[PDB]
Structures are given as structure tokens and as C-alpha cells.
Number of protein chains: 2
Amino acid sequence: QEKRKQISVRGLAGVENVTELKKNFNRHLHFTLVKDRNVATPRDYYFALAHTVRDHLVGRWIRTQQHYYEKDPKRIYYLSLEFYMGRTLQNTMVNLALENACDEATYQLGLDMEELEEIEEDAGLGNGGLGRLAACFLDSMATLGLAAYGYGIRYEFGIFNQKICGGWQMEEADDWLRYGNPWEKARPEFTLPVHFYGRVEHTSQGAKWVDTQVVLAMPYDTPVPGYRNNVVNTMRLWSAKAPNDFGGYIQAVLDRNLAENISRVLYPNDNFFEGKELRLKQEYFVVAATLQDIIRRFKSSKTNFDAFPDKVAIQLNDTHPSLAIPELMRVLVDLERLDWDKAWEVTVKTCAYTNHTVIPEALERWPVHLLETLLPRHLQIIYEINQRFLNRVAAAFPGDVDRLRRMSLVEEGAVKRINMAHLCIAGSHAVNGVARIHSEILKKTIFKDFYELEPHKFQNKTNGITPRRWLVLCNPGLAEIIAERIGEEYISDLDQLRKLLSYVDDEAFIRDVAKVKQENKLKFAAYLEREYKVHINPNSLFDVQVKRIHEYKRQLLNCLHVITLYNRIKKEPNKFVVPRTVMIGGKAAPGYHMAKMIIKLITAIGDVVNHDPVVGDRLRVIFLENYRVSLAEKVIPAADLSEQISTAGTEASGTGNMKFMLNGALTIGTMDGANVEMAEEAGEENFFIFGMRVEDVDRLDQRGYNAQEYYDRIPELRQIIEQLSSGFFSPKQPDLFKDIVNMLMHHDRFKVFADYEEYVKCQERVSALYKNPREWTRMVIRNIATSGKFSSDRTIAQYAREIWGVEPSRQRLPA
Amino acid sequence: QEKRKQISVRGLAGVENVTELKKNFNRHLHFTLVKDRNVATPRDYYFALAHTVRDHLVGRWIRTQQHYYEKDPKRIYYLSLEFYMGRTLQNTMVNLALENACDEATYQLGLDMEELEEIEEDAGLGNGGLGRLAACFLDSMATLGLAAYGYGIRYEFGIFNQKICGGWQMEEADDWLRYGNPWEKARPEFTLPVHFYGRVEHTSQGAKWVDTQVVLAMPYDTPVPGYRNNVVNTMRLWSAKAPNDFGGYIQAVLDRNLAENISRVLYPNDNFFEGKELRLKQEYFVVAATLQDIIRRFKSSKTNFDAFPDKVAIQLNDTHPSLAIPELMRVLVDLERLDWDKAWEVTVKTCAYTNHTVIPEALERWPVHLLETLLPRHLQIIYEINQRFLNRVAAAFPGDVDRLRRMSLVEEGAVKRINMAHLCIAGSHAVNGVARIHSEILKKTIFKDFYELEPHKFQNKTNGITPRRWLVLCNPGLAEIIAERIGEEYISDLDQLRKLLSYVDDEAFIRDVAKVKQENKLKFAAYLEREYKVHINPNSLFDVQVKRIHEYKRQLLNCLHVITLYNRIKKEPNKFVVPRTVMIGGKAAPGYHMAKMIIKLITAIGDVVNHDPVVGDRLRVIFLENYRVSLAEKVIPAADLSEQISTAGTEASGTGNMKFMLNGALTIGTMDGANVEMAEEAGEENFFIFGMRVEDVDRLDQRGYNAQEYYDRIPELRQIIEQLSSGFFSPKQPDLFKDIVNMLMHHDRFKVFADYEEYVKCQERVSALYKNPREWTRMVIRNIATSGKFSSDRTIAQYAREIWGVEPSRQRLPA
Ligand SMILES: O=C(O[C@@H]1Cc2c(O)cc(O)cc2O[C@@H]1c1cc(O)c(O)c(O)c1)c1cc(O)c(O)c(O)c1
Ligand SMILES: O=C(O[C@@H]1Cc2c(O)cc(O)cc2O[C@@H]1c1cc(O)c(O)c(O)c1)c1cc(O)c(O)c(O)c1
Ligand SMILES: OC[C@H]1O[C@H](O)[C@H](O)[C@@H](O)[C@@H]1O
Ligand SMILES: OC[C@H]1O[C@H](O)[C@H](O)[C@@H](O)[C@@H]1O
């Protein structure tokens, strides 16, 4: 399209720049891909453009790292088992101001750049929110000029590709590297050894970890460009490699695969702890290789370790890299020969821990037997940490023996375990939650004892999302009508969106906000037709719930609402209702039986609703297959209504909520996580808040949740449960949904029925406002305008000043 | 050195070419390696030069393949489980005339190009002679302008790296891809399915192979440049990849490794059949993927299959890819629906088979049970082939029932097997041996029945070696003094070396031949000091036996000679003997117990000889560690005496023999393999021929080989066996060599003692000529001058005219 080339936020198509891009495109097609235009496929053209764009990062990448060596600022190490990066081509072009020049260059070559973008695989190296947070954070730390390094694992296979077959999830390997990764640089020269198993021998200089099995950690470095500041930071992802030296010779060569399995695949659990030894190996693999880099970099700066916390921050993304704490003590005590107490002073000042859930089944509690086998020196260090930590509890709270038992890093039971959250709190100078309500729940419930011992350690860092990927990239139409009014500074200063409240009565802005949403809906509707032969009504309200399938997120509450709408149509067919396309998408963890049953129920509801001729185009229910970062970038800008309906107290923050608010959907939600702060920023009058508050959930927990009461008092609810039970949604297998019905009626930890009536009434209010396009749009303006707090630049600026002790800067490096 | 830049055979350092090379060097250092000269290692500089040199192949690679599409010549497919390629940087620079320009460009950048060359790993994708033959053949087919495609497996791990520890072989994984391969191009877009297991269902159009397990075959294409003719052919090596679709999800992702193990490692057997199922999978993997390419290419030319043998040659390198014959029948009958008889006519005209040994333990004889499980349709096709083939035997030789049993593709016994050599002969229009004596032994012994049925099928193709790698690359000093006299045409017309017989009395040539050998000896001697702290006397005769460790090659006969020299010195210490450095090197197969004992004996002999102060510098015995193509390129040009001492009738050809002759060593050898033809070319007066002839070995076999007779009649031999037995060479473990002594005395299939006396007397004649430098050199001139037959260009020109039906051409493509 010649229309999108007119988008000012996409930069200049400089005549010389366009000439150079076409030359470098053709150059890579010949020398890099070894093709000519006679045999070249769209995939070859995507790769030729990716190599051409990647060449523009290299000078800035080298100069940034040289700049950090020269200036020696404090270095931030962001340790995560997940980096949910998504694609890279568009993000690179946006951050380097190349997007219009590449669009023009490709257009002149006879190519559609948008079609080339759709060839790139997502770097799907995460599960959901925590993984994407790490990705938004790398982007914001580069935009804020921080000497920041993402450290993780280069999984051969990311989050599984979800297919829907027979209305059921099927999992397939995410072979994201099949056609290579043009962004990464392999660094085999910087390969480091990681040790497993073995035994401790305590001798003449102290402890020595011996008889270990070695796994090599080969780093792959990916550029992380800041927004037009010429900063390019690094994401370093470790790949597992068998050691050089060693069933016979052949079997021994094949058995190299066992060590190399450590980086093979991402564990697909979202908010659920699976205590697999292989997962523990992945956690130690990242920590051990990463801390070797950190220590070497420290020593090669302007050994004495007193300055180490002035030169190093380690941020732990969940407890996944919690072993950083005992590993740093092991390195400082066993190898550097520091006194325990000095090493401990260093460790706590270096390390900080971010918590992302209060759900007990999500928290890591490793069996002591497994730690003793795999990491014997780490277990000895953990026990020593626990004794000295509990000595401090005993001195602060003398004779509080129950507090000692509650706070211990060691959990007693049939299987003795290490509580990794307790280890993180003991070994960290800062502990944060990820939304105001969540950080308050930590201090009141799960970490109350720790908060009482060291109140100064407990912080809030409300989550955010990068307005590069999540507005300029995915919704250039909206970014453009905003820039037409307030210029471009908001792209790295999102609080300037508040200027848009001046436009609530501006006829042109009201027109343009609605026209951009409609354009996004028409494009998404086209996609569903072209890639899946699925028809959707583009004059319908796009009602979207996209996130991992989890009982706490209550896709089932959405299911009850959808069936309510269906049943209300059947009872009063002649009565006008606002047409809806209800879209639900997300992956279930492969072992999660209830999650997989919930996907089948969504598709089953579709099978009835979407073929009832009385309903026709008034209601459609579609399960969006393979929800991932690239699909988020398509559906979120097309959404009218953002479903954020977690049981109050269960969603720590959410970030999908923020994406929807930034892209011109209105929110229906509970007072949970960051929904509370989004409502506060916009005004509650501009949010569809419903249901129990945290205090109400607790009152139910105090008297006991009886789902039967709701069933007995609510005829419309009774009708739906009877439909599920009797087989209305599974006629060939009438008892198919018995496990969902049994859970809802007798074992529902998330109180789905308790929010049913307020949810349905709230949804009526949504439909009422949608009937008034002008007032729907004015309320959208009030949401976009107040979305500025939810920039990850705001979040990271708080991490930098309140935890890391570094001052962010938006100032550009030279050219 | 500024001296080597003066070598005219290395081409011109054009001022613009040097400028462009430095620019592209710096460009790759920045954009490809993402380094600056502050952090750059010699390894980064090697890679920057390799990418710069590889860029010069690309235009010619694309134009050559386009040329073959346009001209549609008959295509030659050279199927091998082994491509022993060695390095690629120097070979590329030689074949493109870039060597002086790159040397000057690197010199101007402050770099030693020779030091950069030593960083490259060898592509060690073969065991020995057959693997290297495939490599020389690709080089010669490109130099002769043939539309030729090498097809094989991209082993992740090539021939194991040999370390010597405690004087014993140790094996380590050949991780040749650790730092990447800058020559290859991955072609994941051309990935093809290969089928295993399953079952046959015979239905309405005939047979269907169903319920199979799929392994994908991902091609990696490597350029093969001809000598200065602008031809760049392709070596396509298949990599195993798990199919896209499928213990739980995690285990299923890890279990992808099982399919991917097919291309993991080269089976390290030289001249020995190991009937491992994994090896059978590798063989079928290469054949099935390769034949899909061949069929697709055929159909996309200027379906009717009558023309297929006019457009396709398939050359089978040993029986390793013998399944090509039943696979082609399976494709033509089951998928293309040709009548059996028409398919068979096509198959036999397409296929030809090269044999490389008569040793029964080297020949492939697959259990029918294993073929029935892995390849049920292939076994059915083999049985059908066998019936029709034996019907023809019965009609040619009516009532010869023993001939039927002898010729059958099916071998009866405890375990019924398929004789893959019989399948190849039945399914091939040509069968060749690899030296005149070997091809005669095939027609007289092992394949006599087949020769009687179809005499026209049996050919000779005497082996050769490329005079690019094996003279211009490895011995530029010798290539230069030759070019100074006869110009450069000999480099692709090696029979012009006969012109050097005009120089047998030329004082300057005699001086220069000796000066080049001395330069090679000084350089190799330096290497042994620098890389292994090993001292060798450069005024000693360099006596070299380098080849795989095998009883038939009789490294043990060399061992007896070395101990004879030691014992003669000790008996008459004051008597002058020509000082020798006796070098033995080669790998033993990991399972081969006798081979591994023989390496230990060589190092054990060293431990005594090299520390006896009575001997000092008069005799040294060194085991050359990790003998491979790159080390062959160093030691062969430094050699005085080439040890080629196989039992007459056992070495099919040899090619190391040819390398030594071309590089100015004199040969001590039996009348075996190509040694016979080398002696014929040079005159027997210019070779140290000794020992039993094939006829003499047979007379011993007829009366029975009694090693005791030799022991009883030869006092010097008795003394050595008593030293081995008593522990003189293993004092801490006196019985260490009991297995060697027992084999020599009672179970020696290779008659080591029977050649002992003639071997020692022949070695005295070698020492006598070495005392006369002028006459040693004149005899060397007579050897180099007559080495021209042993060019692989001669060999391939014969394959092309006598088997493939294509006319070779030395004419250049444009620029
Ligand atoms: O369905 C269309 O795109 C798909 C949906 C979609 C979206 O919802 C938001 C977004 O940021 C990008 C986006 O790319 C999708 C897409 C898929 C392709 O296979 C493709 O070739 C392409 O150019 C793009 C489409 C149809 C159109 O008719 C059209 O003109 C167009 O530009 C695009
Ligand atoms: O031992 C020397 O080289 C090694 C042996 C050797 C050979 O025998 C033949 C040949 O084709 C090449 C060859 O490269 C070897 C070599 C090893 C290295 O590590 C290296 O850096 C190098 O430049 C080379 C050497 C010593 C020298 O003193 C010298 O000047 C020299 O140019 C080379
Ligand atoms: O903190 C980032 C994210 O981590 C986890 O996904 C939490 O469940 C989610 O609420 C949070 O927003
Ligand atoms: O034909 C190439 C080579 O194949 C095998 O290695 C044979 O043992 C050898 O004699 C021959 O020269």
C-alpha cells in the first residue's frame, strides 16, 4: 500500500538510504543466500531484507559495548529462564528509523515488505507474561541508555506451536531455528564450563567441588536496539554443548545429546512449578555461565570485591535463577577465598528478586535430595545461609519459634524441600511485586514475616509494556493520528498521551480513533478468512480474551457469559442485541487436563453457536489458534473489549490488559493486579469493573465457598450447567464436560459462579455503550490518553533509581 | 615470508585485487564476525579471510549450475558415505588463482596467511583411501567440466580425533563444526522425506509402502571449484532432521534426537564391515534423499524414463549406497508405475559399481531380518531381482546348480544375508576395480562367476590423486621448480611431467629437487618441535608409513625392520649406518584390538630406541598422532622413503603411494595394487620392489603358512620375537605383546615373516642409495617425471568415456 509509506512516525525514505538498502538487499540475495531472482522465494526475500537491516545494528552494537567499557557504568544483569521476544525485523526498523526506507526499497524491488514480515518465526522463548516482561524490559533498558545484559537459555524449541484438531489442543515442536536466526551472533570462542553432580571435599584452604560432570555453555548474542538513541544492548542466550573429551565409541558420541538436552526445550508451564531435574539443570546452567561472565567483566574494569555491588546488579526474574545467590557465595568463598560474611554482604547488595504470583502451586520448592545429588556444594551453602538468616530472625523476634519454622529456607515434610522464594528474600537487598495490589498482598500474606524482619526490602514495581512493539509496530495508524496532534516525543515519554484528553470533544480525533479501530478490525477479519477460511462479522463488537489457559484467569467465566448470550437469543429471538465476535485464545500446558478441557469447551460452544441459523451473524465464538507475540500484535489492535476477569487477588499484574488499553479497547475486569491502577489512571467511570474485591473473596473463604448456592438462586446459571452436564455441547459424548461441571460445583478455587451475575450485568453495560459509537469512542480516548503509566520505560526507570542505583538517560550516542 | 610471494604458480597479486581483498576482509571482520582489531583473534582473521575467499566462488557457482540447466548435459551423481575433503581455504585460493593476492592482502594487514590456514578444521568426513578418492574425484570432475554432483552425509562428527596417551590410541569426537563451516550453504527449503520401517500393502495399482517413520534429509551444498576454468560444481551432504509432527511432551521433543542420530557420526571402519542397523539407516538415508533429487532434476529437463540413463549416471562408491539399485526400482515401479522390465533396463544402464577390496570381512552382507524390518519393500525388490538374475544364470549355464548358489544375492546360513556386492553387479552396467592387478583378481577370484556371465561389465579404473591438493597446494616449492622448466599446463595435464626426464643430468634441477626436499624436511622438523616438543634429526632419511592401521598393510613388518636396525646398531655400535627418522601414523578403528596393540608397540619401540644413548640421533621412531588429510599435506612432501608394504593381493590400489611418488620420495613396496603400475611407469630399476608376488602368496596358501619355519631359520627374527615375548619392549608388563606374538606365530593371515628377509635386504639397498645424494636425487627425478598417470584427471577421464558416456572438457566458462 502507498498509504502506509505516508506514515510520518515510520521515518524518511532518504533517496541515498533507499539506493543503499536495495544494493545491500541484492548483495545479500547473491552472496548470503546464493540465489538469483529466477529461483528466489518470498522466504529468500525476507532473509535478504533481514540481513540488510541487521547490518545497520553492527556499528552501534560495537560502539555501545565499547562505550560501556570506556565509561564503566554499573552493569545490570537481567537473569530469566524466559525471553518472549517475538519477531525482530519490524522492531529493528522502528528503533533505527528505517521502516519507510525499507518499505520504499522493497516496493521499488517489486516486493511487499508486510508480506515479507509474515515469514519471520517468533523467538517464542517464553510462556506468557513473565517472558514478555523480560522482552519489554530489554527494550526499555536500551531506550533508557542502561548498560543492561539479558541472560537466558537459547532453547532449540520455544513454547510449543498449538494446533486445534477435533476442537482439542495438539502440541508440535516450535522449530523456530529451522531456517536459521539472522539476528543472533554465535560466540563459540566465549564458551564456558558448567559443573553438575560431583561431591564436596573440605580441605586446607576450605571446600572444593570435585568429580563433577561438565556441560559447556556456548553464548549466542542478540542485539537489543534502543529507540533512535544509537544504543544497541545485548541479549546473551546460552546453548548446551558436550565437553570436548569423554556402549562403545559410537554410543559415546550419540550420548553427547544428554548434556545438550539441557537447552533443548522450554518447560511450557505458566504459573505452575514442575520439579523436573532437567528444569533444575536449565536453572543452574543459566546462573553458573552468567555469573562467570559477570565475575570476568568485573575483574576487567577500573581481587577486591567491596566495589562489586557498585559495579553489578543481578535482577532475578522469579525464583527461576535463585541459584545465583548460592552460586555467587560459592564463587566468592570457594574460588576467590573471601570470608563468608564479606561474600554475604556483597551477594545481598548485588541481588534483587521479582515475584510474579501468590498461587502456592506456582512457587519453586526443590527436594533437598535432588539438590544434594545435582549441586551438593549449593545445598551446603543454602543450609549455612538458612542458619545465619534464622539466627537473625531469632535475635529480632526472641522466642518466636513458629516464625523460625515459617521463615526457614527449609520446608519440613515427607519430602524436605528448599523454598526458593525464601532463599531469594534472604539473599536479596530488594524484593518487588509487579502491581500495587500484588506488592501489598506479598507484605500482608505470603511474605508478611519477611516484611516484618526487613520492611525496607519490600518494593512495588508496577509492570509495563514497550510502546514501540505495542503501539508504533503493531498499530502504526493509531501511533500516526496521535503524532499528528502531539508530535513523536510520546514514543519514549508515554505520559504525554495525557495531552489527548484535550481531544475528547474533537470531532476529527473522534472520527480518526474510530476509523483506525475499523481498519484494524477489517485487516484482522481478512486474516481469519485468508489463513483459516474463518468468516467473522466486521460490524460486530470484537470481545477478546487472549492469555494462557488457567483456572485463575477464568476463561470458564467467559464461557458461561457466551452461553448466557446464546440462551437469551434463543429465548427472545426477535430482541435486538449488539452483535459480538467472542475470541478466546491461549495455550494450555501439555499436562494441564482442566486447561485442555476448557479449550475443548470453547470450540464445543462454537460448534453449536456458530451453526445455529436463529443466531447467524449476531454471535460467533472463535478459538484463536497458537496465541503468541506475533498474533498478539494482530488481534489486540483489532479488539473492542479486553477481557481481564481473574479472581480478585490471583493475577499479580497482567500486561495484556495494558496492551489492550494502549490500542483502543475498553476493559471489562475485576479489581485485580494492574487493572486497579489502570482504572485509577483513567477513572473508574471509563472501565467496566465488576465482581468481588480481594476483601470479598476472603469473606467467602472465611465462611466457605458453596457453588450450589449460586446454582440454586440463579435460573440462567442452572440452565447452562444442565446444558454442560446433559451433553447439549457434546451430543456424541454427553458426559464429555463432567470434569468441568464437577470442578465448578464442588472444587472451584476461583469462585467462577460468585462473579457470574455481576459479570453478565457488566457485559450488558458494555453492549449499551457500544450502541452509542460516539460515546464508546470518547471513552476509548479517555483510556488511550491515560495509558502512559503502563510504559515499561516508567517501570525500568523505577527499577534503575529504586533498586539498581543507576540514573536512566534518553540521550543518544553518536553516528 | 616474502620468498613464497615470488612463487609464479600461485598467480598474480593484482593491485586492485589486493585492494578489494583487504576491503572485503575488513568488511567481513566488522559485519560478519562483529569484531574490531582490538579483540580479533587469529581465528577471527582466518574466518574473515575464508568468507572473503568464499565470496569469489558465488558468481561462478550460480553460473555453472545455470550453464548445466541451459546445456542439459548428462548428469553424474557420485554417491559415497565418505567425502574426505580436508581443508578448503588454500584449495579455493589455488583453483581461483587468488593465492598470491590473498597472501599480499593479509601481509599488508599485518597477518601471516600460512598461520591463518592452520586454524581451519579438516572436513574429515571419511576413513582413508575410499573417502579421499571421492574428494580427489570431485576436484577432477570439476576440472574436467563434468556436470557432476557428490552426494553423501553431513556427519556432525567426522573421523575421530586420535590422541596418544600412555602410548595408546584414545578417541575424541571430531567436533569439526564447533566454529561453523564458512564454505557450506544450508538448503532447508530443499529438505526431503526419507521413510523407515512400515509394511507393504499390495493393492489395485500394485505395491504401496505404508505406516513408515519419516526422517527429513536437509541438504547442505558445498562448492567444488575446477582448476582455473570458472567451473564450480556441488557437493550435497544430507543432515538428519526430525519430522515437524510427532513419556510426555518434553520426552517427545528430546526423542527427536533418535532420528537426528542418523547423520551424527561417521562409522570409523576402514576395510571392515560392521552390520550396525544405524549404519544401514545412514546408507538408506543418502540413497533415498539423493534419488529424489535425481528424479526431480530429470523431470525438470528438456513421465517417460527411456531417456533417464542418457541423462543420469549413478556411480556407487563401494556397496555403501548399493540400496540405490532397489530404491530406483521402487521409485520407477511403485511410484512412476513403469513395468518391472523397463524399470530394470533403466536401473542397470544408470548404475555402476566400484569395488575397493577383496578382503571378505570388508564386504557388506546384511541380515535379511534387518532389511525385512527396516526396508520391507527393498527386501521384496531384492528377492525379485535375485530370481530374474538367477533365471539368466540358469539359461546361460544350464544345470550349473553350484554357480546359482555362488552367484545368488541371498547367502544361506545360520543368518540368511544379502550380498550387496552381488546386488551391485546384477544392478550395474559397469563394475570396476581400482588398479590393474585388483581388477584382474576380481575377474579371477571373487567375481569370476559374474565375469563369465557378463564379461563386458568388468572394467579397470586405476586410482589417482589431484595434482592441485597433492602438489600445488602441499608442495609449492616443487610445483615451482617444475613450472620454471615446463610451464604450468602440467597442473591439469600431469603426463607433461615426462618432460622432466630431460633433466636427469641437469645440475640446476638436481640441486633444486634436493633443495625443495630439504626445505620440506626442515619445516616438518620445526612442526614436530613447535606443536609436540618432539626433536628429529633433519640430516636423517625420513622413512614414512602413513595409512590406517591394518594387519594387511603390515605396520608390524615395518616394526620388525625398525627393531632389526636397533639390534644391528647394538651388536656393531661402531659401524656407520644412514641415520633414519622412522615415522608411522594412522588411526585404528575403535573396536580393532590388534590395530590398537600395533600402535602401542610402535610407541613402545620408540620408548626404548629413542632413549638408548648408544643409538642417539642415528635412529628415531615416532608415531605421528592424528594422521588426517591436513597432516598428509605436511608429512608427504617431507618424506624420503614411502612405505607401501601390503601383502601382495590385499591393497586394491593405494593412493598414499601416488602422493609420495608425486612429492619426491622413493618407494619401498610389494607388487600390490597401483605399486605395480607405478613401477611400470617409472621402471622397476627406480623402485625398491621386494617380497612375495600374488602367485607366491597363493603357493604358501596351497601348502599352508607355517610362521615357525621362518622363526627357526632366521636368527635376527627369532631375537626380535623373543624381545617382544620376554618384555624387552614392556618391562613393567612383560606379557603386554603376547597377542601380537601369538598372531605372528600362529594366526597371521598376512604372512609378515614370509617377507621379512627380502624386506630387510631391500631396506639395505635403500640405505646404500641414500649415501649417494646425487644418485638418490636422479632416481627421485625419474619418479616425479613418471607420476603423471596417477592424476585423478586421467582416472575421471576414463570413468567419463568408458562408463558414464560423457566427454570431458578443460575449456573455461566466462567471467
Ligand atoms: O489479512 C491481512 O493481513 C494479515 C492480518 C494482519 C493483521 O491483522 C495485523 C497486522 O499488523 C498484520 C497482518 O498481516 C497478516 C498478513 C498475512 C500474510 O500471509 C501476508 O502475506 C500479509 O501481507 C499479511 C491483510 C489482508 C489484506 O487484504 C491486506 O491488504 C493486508 O495488507 C493485510
Ligand atoms: O613448523 C612450521 O610449520 C608447520 C609445519 C608445516 C609443514 O611441515 C608443511 C606445511 O605445508 C605447513 C606447515 O605449517 C605448520 C604451521 C603450524 C602453525 O601453528 C603455524 O602457525 C604455521 O604458520 C604453520 C613452520 C616453522 C617455521 O619456522 C616457519 O617459518 C614456517 O613457515 C612454518
Ligand atoms: O510480571 C509479569 C507477569 O508474570 C506472570 O505472568 C503473572 O501471572 C502476570 O500477572 C504478570 O503480569
Ligand atoms: O579405491 C580407493 C581406496 O579404497 C580403499 O581404501 C582401498 O583399501 C585402497 O586400496 C584404495 O586405494
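Sequence positions for chain A are given in Swiss-Prot numbering; the residues included correspond to 8-253, 261-316, 325-837, in order.
Placement of Cβ uses the backbone N, Cα and C atoms for every residue, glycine included.
Of the candidates A:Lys465, A:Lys539, A:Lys575, A:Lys681, Swiss-Prot records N6-(pyridoxal phosphate)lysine for A:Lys681; the remaining residues carry no such annotation there, which does not rule it out for them.
Listed in sequence order, the residues of the same chain lying 6 or more apart from A:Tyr156 (site 'Can be labeled by an AMP analog') and placing their CB within less than 8 Å of its CB are A:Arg82, A:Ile83, A:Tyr84, A:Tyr85, A:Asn240, A:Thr241, A:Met242, A:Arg243, A:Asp307. For A:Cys109 (site 'Involved in the association of subunits'), the count of additional Cβ atoms within 10 Å of its Cβ stands at 28 [all protein chains shown]. Where the chain is interrupted between A:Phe253 and A:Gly261, 7 residues are left out of the deposited model, and the two C-alpha atoms stand 13 angstrom apart. With respect to A:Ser15 (phosphoserine), the closest of these recorded positions in Cα terms is A:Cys109, chosen from A:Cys109, A:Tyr227, A:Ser747. Spacing of A:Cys143 (site 'Involved in the association of subunits') relative to A:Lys681 (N6-(pyridoxal phosphate)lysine) is 12 Å (Cα to Cα, whole number). The closest partner of A:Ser747 (phosphoserine) among the modified residues, by CA position, is A:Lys681; the full candidate set was A:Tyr204, A:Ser430, A:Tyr473, A:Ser514, A:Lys681.
It is A:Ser15, among the modified residues A:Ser15, A:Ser430, A:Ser514, whose Cβ has the fewest other Cβ atoms within 10 Å in the structure shown. Within 10 Å of the C-beta of A:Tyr473 (phosphotyrosine) we count 18 further C-beta atoms, all protein chains included. Taking Cα separation as the measure, A:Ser430 (phosphoserine) is nearest to A:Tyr473 of the modified residues A:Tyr204, A:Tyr227, A:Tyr473, A:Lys681, A:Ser748. Taking Cβ-Cβ distances under 8 Å and a sequence gap of 6 or more within the same chain, the neighbours of A:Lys681 (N6-(pyridoxal phosphate)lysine) are A:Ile487, A:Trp492, A:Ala654, A:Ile658.
For the modified residues A:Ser747, A:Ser748, the largest tally of other C-beta atoms within 10 A is found at A:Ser747. By neighbour count, meaning other C-beta atoms within 10 Å, the densest spot among the modified residues A:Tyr204, A:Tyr227 is A:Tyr227. Annotation note: A:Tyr156 (site 'Can be labeled by an AMP analog') sits in a strand segment as assigned by DSSP.
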